[PDB]
Amino acid sequence: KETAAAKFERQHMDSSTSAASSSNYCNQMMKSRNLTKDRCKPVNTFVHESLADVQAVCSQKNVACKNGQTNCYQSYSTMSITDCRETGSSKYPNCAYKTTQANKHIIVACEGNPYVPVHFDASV
(Lines give C-alpha, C1' and ligand atoms only; values in the text may rest on other atoms or scores of the structure.)
Protein backbone atom coordinates (compact mmCIF):
# COMPACT_ATOMS: atom_id res chain seq x y z
CA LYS A 1 0.00 0.00 0.00
CA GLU A 2 1.21 3.58 -0.32
CA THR A 3 3.99 4.36 2.12
CA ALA A 4 3.80 7.19 4.67
CA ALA A 5 6.73 8.86 2.84
CA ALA A 6 4.88 8.61 -0.52
CA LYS A 7 1.69 9.83 1.05
CA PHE A 8 3.54 12.87 2.39
CA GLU A 9 4.82 13.70 -1.14
CA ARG A 10 1.31 13.23 -2.53
CA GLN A 11 -0.39 15.39 0.10
CA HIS A 12 2.14 18.16 0.69
CA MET A 13 4.81 18.50 -1.97
CA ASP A 14 4.53 20.76 -5.04
CA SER A 15 8.06 21.12 -6.44
CA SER A 16 6.53 21.99 -9.86
CA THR A 17 5.55 25.51 -8.94
CA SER A 18 7.28 28.24 -6.86
CA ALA A 19 3.90 29.45 -5.53
CA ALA A 20 0.15 29.17 -6.17
CA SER A 21 -0.58 31.00 -9.44
CA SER A 22 -4.22 31.71 -8.77
CA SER A 23 -7.07 31.46 -6.28
CA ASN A 24 -7.94 28.09 -7.83
CA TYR A 25 -4.70 26.32 -6.90
CA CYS A 26 -6.20 24.62 -3.86
CA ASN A 27 -9.38 23.49 -5.62
CA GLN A 28 -7.35 21.92 -8.40
CA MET A 29 -4.55 20.48 -6.27
CA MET A 30 -6.84 19.04 -3.60
CA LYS A 31 -8.73 17.18 -6.27
CA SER A 32 -5.70 16.05 -8.34
CA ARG A 33 -3.68 14.75 -5.33
CA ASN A 34 -6.82 12.76 -4.35
CA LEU A 35 -7.39 14.52 -1.02
CA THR A 36 -11.14 14.83 -1.66
CA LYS A 37 -11.87 11.28 -2.78
CA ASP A 38 -13.65 10.02 0.34
CA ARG A 39 -14.42 13.37 1.95
CA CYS A 40 -13.31 16.99 1.83
CA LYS A 41 -10.05 17.13 3.92
CA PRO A 42 -10.55 20.39 5.81
CA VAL A 43 -7.04 21.89 5.65
CA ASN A 44 -3.95 21.10 3.74
CA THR A 45 -0.52 22.67 3.13
CA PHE A 46 1.53 22.27 -0.03
CA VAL A 47 5.26 23.01 0.02
CA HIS A 48 6.92 24.61 -3.06
CA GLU A 49 10.44 23.28 -2.65
CA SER A 50 12.60 20.42 -3.81
CA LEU A 51 12.18 17.03 -2.11
CA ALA A 52 15.80 17.23 -0.86
CA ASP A 53 15.24 20.63 0.88
CA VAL A 54 12.09 19.30 2.68
CA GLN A 55 13.74 15.93 3.59
CA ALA A 56 16.64 17.98 5.07
CA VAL A 57 14.22 19.40 7.73
CA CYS A 58 14.42 16.04 9.53
CA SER A 59 17.94 17.07 10.57
CA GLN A 60 17.15 20.60 11.65
CA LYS A 61 15.57 21.92 14.87
CA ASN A 62 13.90 19.24 16.97
CA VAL A 63 10.63 20.56 18.44
CA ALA A 64 7.58 18.86 19.94
CA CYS A 65 4.69 18.13 17.60
CA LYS A 66 1.29 19.72 18.29
CA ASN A 67 0.16 16.31 19.85
CA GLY A 68 3.28 16.08 22.07
CA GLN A 69 5.28 13.60 19.99
CA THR A 70 8.99 14.39 19.88
CA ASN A 71 9.91 13.43 16.33
CA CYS A 72 9.00 16.88 14.87
CA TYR A 73 11.44 19.26 13.27
CA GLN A 74 11.23 22.91 12.34
CA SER A 75 12.95 24.29 9.27
CA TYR A 76 15.85 26.63 9.76
CA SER A 77 14.59 28.73 6.85
CA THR A 78 11.26 29.94 5.58
CA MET A 79 9.78 27.99 2.68
CA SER A 80 7.20 28.82 0.06
CA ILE A 81 3.93 27.18 1.08
CA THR A 82 0.28 27.30 0.10
CA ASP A 83 -2.37 26.75 2.77
CA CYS A 84 -5.73 25.37 1.60
CA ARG A 85 -8.82 25.78 3.82
CA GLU A 86 -12.31 24.52 3.06
CA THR A 87 -14.80 27.22 2.30
CA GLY A 88 -18.32 27.75 3.68
CA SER A 89 -19.70 26.64 0.23
CA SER A 90 -17.66 23.48 0.14
CA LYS A 91 -19.96 20.44 -0.10
CA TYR A 92 -18.80 16.92 -0.88
CA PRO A 93 -18.11 15.91 -3.57
CA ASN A 94 -17.70 19.45 -4.64
CA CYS A 95 -15.00 20.30 -2.15
CA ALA A 96 -14.04 23.96 -2.23
CA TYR A 97 -11.04 25.79 -0.72
CA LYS A 98 -9.51 29.11 0.01
CA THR A 99 -5.91 29.48 -1.23
CA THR A 100 -3.36 31.45 0.86
CA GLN A 101 0.30 31.68 -0.24
CA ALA A 102 3.13 32.55 2.18
CA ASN A 103 6.75 32.09 3.20
CA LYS A 104 6.97 30.35 6.53
CA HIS A 105 8.93 27.87 8.56
CA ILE A 106 7.50 24.35 8.30
CA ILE A 107 7.26 21.77 11.09
CA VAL A 108 7.22 18.12 10.03
CA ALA A 109 7.26 14.78 11.83
CA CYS A 110 9.88 12.33 10.54
CA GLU A 111 10.16 8.56 10.65
CA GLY A 112 11.94 5.58 9.13
CA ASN A 113 15.25 4.86 7.50
CA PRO A 114 15.94 6.95 5.50
CA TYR A 115 14.38 9.22 8.09
CA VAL A 116 11.98 11.41 6.10
CA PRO A 117 8.90 13.58 6.62
CA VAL A 118 5.68 11.60 7.04
CA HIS A 119 3.36 14.29 8.41
CA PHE A 120 2.96 18.02 8.06
CA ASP A 121 2.46 19.56 11.52
CA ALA A 122 2.30 23.32 11.18
CA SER A 123 3.95 26.40 9.70
CA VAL A 124 5.30 29.21 11.82
# chains A, B, ... in the order shown; residues from 1 in each chain; ligands from 1
>>> closest_atom_pairs(of="range 9-47 of chain A", to="range 79-103 of chain A", cutoff="8 Å", atoms="only C-alpha atoms", output="JSON lines")
{"residue": "A:18", "atom": "CA", "partner": "A:80", "partner_atom": "CA", "distance": 7.0}
{"residue": "A:19", "atom": "CA", "partner": "A:80", "partner_atom": "CA", "distance": 6.5}
{"residue": "A:20", "atom": "CA", "partner": "A:101", "partner_atom": "CA", "distance": 6.4}
{"residue": "A:23", "atom": "CA", "partner": "A:99", "partner_atom": "CA", "distance": 5.5}
{"residue": "A:24", "atom": "CA", "partner": "A:99", "partner_atom": "CA", "distance": 7.0}
{"residue": "A:25", "atom": "CA", "partner": "A:99", "partner_atom": "CA", "distance": 6.6}
{"residue": "A:26", "atom": "CA", "partner": "A:84", "partner_atom": "CA", "distance": 5.5}
{"residue": "A:27", "atom": "CA", "partner": "A:97", "partner_atom": "CA", "distance": 5.7}
{"residue": "A:36", "atom": "CA", "partner": "A:95", "partner_atom": "CA", "distance": 6.7}
{"residue": "A:37", "atom": "CA", "partner": "A:93", "partner_atom": "CA", "distance": 7.8}
{"residue": "A:39", "atom": "CA", "partner": "A:92", "partner_atom": "CA", "distance": 6.3}
{"residue": "A:40", "atom": "CA", "partner": "A:95", "partner_atom": "CA", "distance": 5.4}
{"residue": "A:41", "atom": "CA", "partner": "A:86", "partner_atom": "CA", "distance": 7.8}
{"residue": "A:42", "atom": "CA", "partner": "A:86", "partner_atom": "CA", "distance": 5.3}
{"residue": "A:43", "atom": "CA", "partner": "A:85", "partner_atom": "CA", "distance": 4.7}
{"residue": "A:44", "atom": "CA", "partner": "A:84", "partner_atom": "CA", "distance": 5.1}
{"residue": "A:45", "atom": "CA", "partner": "A:83", "partner_atom": "CA", "distance": 4.5}
{"residue": "A:46", "atom": "CA", "partner": "A:82", "partner_atom": "CA", "distance": 5.2}
{"residue": "A:47", "atom": "CA", "partner": "A:81", "partner_atom": "CA", "distance": 4.5}
>>> select_by_dssp(residues="range 37-120 of chain A", states="strand (DSSP E)", output="PyMOL selection string")
chain A and resi 43-47+61-63+72-74+79-86+97-104+106-111+116-120
>>> atom_distance(atom1="CA of residue 111 in chain A", atom2="CA of residue 4 in chain A")
8.8 Å
>>> closest_residue(among="A:9, A:14, A:38, A:2", to="residue 117 in chain A", atoms="only C-alpha atoms")
A:9
>>> atom_distance(atom1="CA of residue 124 in chain A", atom2="CA of residue 104 in chain A")
5.7 Å
>>> select_by_dssp(residues="range 14-83 of chain A", states="alpha helix (DSSP H)", output="PyMOL selection string")
chain A and resi 25-32+51-55
>>> closest_residue(among="A:51, A:33, A:110, A:121", to="residue 66 in chain A", atoms="only C-alpha atoms")
A:121
>>> residues_around(residues="residue 109 in chain A", least_positions_apart="4", cutoff="9 Å", atoms="only C-alpha atoms", output="list in words")
residues 58, 65, 69, 70, 71, 72, 73, 116, 117, 118, 119, 120 and 121 of chain A
>>> write_last_selection(atoms="N, CA, C and O atoms", output="tab-separated table (two decimals), in the first residue's frame")
chain	number	residue	atom	x	y	z
A	58	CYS	N	14.32	17.13	8.52
A	58	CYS	CA	14.42	16.04	9.53
A	58	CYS	C	15.72	16.11	10.29
A	58	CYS	O	15.94	15.25	11.24
A	65	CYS	N	5.86	18.03	18.50
A	65	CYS	CA	4.69	18.13	17.60
A	65	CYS	C	3.52	18.70	18.34
A	65	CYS	O	3.50	18.66	19.58
A	69	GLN	N	4.23	14.42	20.60
A	69	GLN	CA	5.28	13.60	19.99
A	69	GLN	C	6.57	14.46	19.85
A	69	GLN	O	6.48	15.65	19.71
A	70	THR	N	7.68	13.77	19.89
A	70	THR	CA	8.99	14.39	19.88
A	70	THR	C	9.79	14.18	18.63
A	70	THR	O	10.99	14.51	18.60
A	71	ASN	N	9.15	13.64	17.61
A	71	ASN	CA	9.91	13.43	16.33
A	71	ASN	C	9.56	14.56	15.30
A	71	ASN	O	9.54	14.25	14.10
A	72	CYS	N	9.31	15.77	15.79
A	72	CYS	CA	9.00	16.88	14.87
A	72	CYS	C	10.25	17.75	14.70
A	72	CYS	O	11.17	17.76	15.59
A	73	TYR	N	10.30	18.41	13.54
A	73	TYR	CA	11.44	19.26	13.27
A	73	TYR	C	10.92	20.51	12.51
A	73	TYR	O	10.05	20.35	11.64
A	116	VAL	N	12.51	10.26	6.93
A	116	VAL	CA	11.98	11.41	6.10
A	116	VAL	C	10.72	11.91	6.66
A	116	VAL	O	10.10	11.18	7.50
A	117	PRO	N	10.19	13.04	6.22
A	117	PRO	CA	8.90	13.58	6.62
A	117	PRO	C	7.75	12.70	6.33
A	117	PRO	O	7.64	12.14	5.17
A	118	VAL	N	6.83	12.47	7.31
A	118	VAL	CA	5.68	11.60	7.04
A	118	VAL	C	4.36	12.33	7.41
A	118	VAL	O	3.23	11.85	7.16
A	119	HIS	N	4.52	13.49	8.02
A	119	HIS	CA	3.36	14.29	8.41
A	119	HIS	C	3.75	15.73	8.42
A	119	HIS	O	4.84	16.13	8.82
A	120	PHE	N	2.77	16.57	8.00
A	120	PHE	CA	2.96	18.02	8.06
A	120	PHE	C	2.30	18.50	9.33
A	120	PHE	O	1.07	18.35	9.42
A	121	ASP	N	3.05	19.11	10.23
A	121	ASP	CA	2.46	19.56	11.52
A	121	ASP	C	1.99	20.97	11.64
A	121	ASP	O	1.02	21.17	12.36
>>> closest_residue(among="A:115, A:10, A:35, A:29", to="residue 57 in chain A", atoms="only C-alpha atoms")
A:115
>>> closest_residue(among="A:67, A:60, A:22, A:17", to="residue 105 in chain A", atoms="only C-alpha atoms")
A:60
>>> closest_residue(among="A:3, A:50, A:32, A:75", to="residue 16 in chain A", atoms="only C-alpha atoms")
A:50
